[PDB]
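As structure tokens, one chain now follows by itself in the form deposited in one PDB entry.
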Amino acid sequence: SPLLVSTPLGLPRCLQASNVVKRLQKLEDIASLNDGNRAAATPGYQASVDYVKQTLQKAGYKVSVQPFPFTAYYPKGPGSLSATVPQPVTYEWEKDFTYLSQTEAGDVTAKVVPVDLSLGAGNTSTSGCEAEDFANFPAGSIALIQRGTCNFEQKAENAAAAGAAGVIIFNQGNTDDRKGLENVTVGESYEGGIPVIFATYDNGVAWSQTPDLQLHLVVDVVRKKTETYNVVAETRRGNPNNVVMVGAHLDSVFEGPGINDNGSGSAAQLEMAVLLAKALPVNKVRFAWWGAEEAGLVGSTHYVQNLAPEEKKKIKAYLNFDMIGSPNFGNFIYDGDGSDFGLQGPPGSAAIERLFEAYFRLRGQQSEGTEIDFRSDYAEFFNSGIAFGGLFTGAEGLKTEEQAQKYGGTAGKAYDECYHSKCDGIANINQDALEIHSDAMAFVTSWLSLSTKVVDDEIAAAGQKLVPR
């Protein structure tokens, strides 16, 4: 009924936790038929996107499925490295060598060719940074390259273009702290097609001075360059130049179904969008289900960074819902005004946080602020100066005794002991939390859909933009 759903009085009371739990069960079912997870570049994520899209269309929405590039990478087992010629030597995983993250897999046995080495203390090597560092590089060989100056990606792609079958990069050795193994990457953009490993400085030097040497290199990973998706919809009704946007990431980590993280935000937001289908908002409401958040906020950052300036200034507020059903929950509100932790968001954030506070106070419920640690999809909105806020029931942090007496649960335990785990299933969901944070989501969204004036007022106060007539 439009009577109810168009107001902060009607929307929370018609968004029912039992319906949200139904959608959560659907998400867990999606994960159980898709190898146990709903992660980026998996079938579980694709089914999740389809379930959201088809639900949204069934309610009358036009749905935009925004693709963006995504490189799936993970190691499958330890590497191997062996000298076959001049003499047999088996090197030691994570002591003599390690992978470059984002390497391709491979199994290569080849003569080793050092490339433009500049050894010794104080060196400023450019090994493999330029193209004719590979002058007369015999194709098929393993390129032996020293760290220095340019990105590892550039060195390895130069080696591949020069016909290397594999790349070994050893630490620079210009200081004594730069000779061991390190956590290194060839980047998400890397397109050399050949495997890349990292070795200690002393191994690199020994290899560079061994005539005839042949290395047997094995790199056991999966890597696929592919794409994943944001799902976006918005009300047909409402002012398109004063958009209220809400977002919840739809992907899980690889290790589990991600029903609290973040089925909970996704499902509550979907239920709300369905109810809002018949609403009559003053302000347009936009809903986004973000892809690849667990890989580093990739979908939300893509979406924001690719908006036309005219389009970004139509977004008056962004509301983020990421983990709102934690088993040992607290009632956490983004500290948009910096009152608790010193960092406040763009102007209007204070008003959104006070709206959330108001709702909790009127439910007779305790609440407190939580850090803007940039660990969810509001980040790119913050970087663009868009007013934002959101709700959170806690992750790997431990519940204090003060919090236990405000919110129940168990002090000294994690808010979500199944954070990023296989057990983050439908049974990890605390329904009290889910109901109150769903209601709070509904309350603040509806209020903003009727008047943005508590956000506009702080935008104006901070803005300096003086009207002369």
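Residue numbers here begin at 1 and follow the sequence given.
Not pictured, yet referred to below: the form solved in complex with a partner chain.
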Problem set entry | the partner chain in the deposited complex: contacted by all of 17, 275 and 335, heavy atom 4.5 Å | no
Exercise. How about residue 419: is it within 4.5 Å of the partner chain in the deposited complex, going by heavy atoms?
Worked result: yes
Exercise. Does the partner chain come within 4.5 Å of any heavy atom of residue 287 in the deposited complex?
Worked result: no
For this session: Indicate whether residue 147 is a 4.5 Å heavy atom neighbour of the partner chain in the deposited complex.
Result: yes
Exercise. For residue 207, is any heavy atom within 4.5 Å of the partner chain in the deposited complex, or not?
Worked result: no
Seminar exercise, completed: For the partner chain in the deposited complex, the stretch among 151-159, 343-351, 110-118, 227-235 with residues bearing a heavy atom within 4.5 Å is 151-159
For this session: Could you work out which of 82, 383, 123, 365 is the residue within 4.5 angstroms of the partner chain in the deposited complex, going by heavy atoms?
Result: 383
For this session: Heavy atom within 4.5 Å of the partner chain in the deposited complex: which of 92, 132, 310, 182 fits that? Just give me the one.
Result: 182
Exercise. At the hinge of the rigid-body rearrangement between this form and the one not shown: which of 344, 53, 224, 88?
Worked result: 224
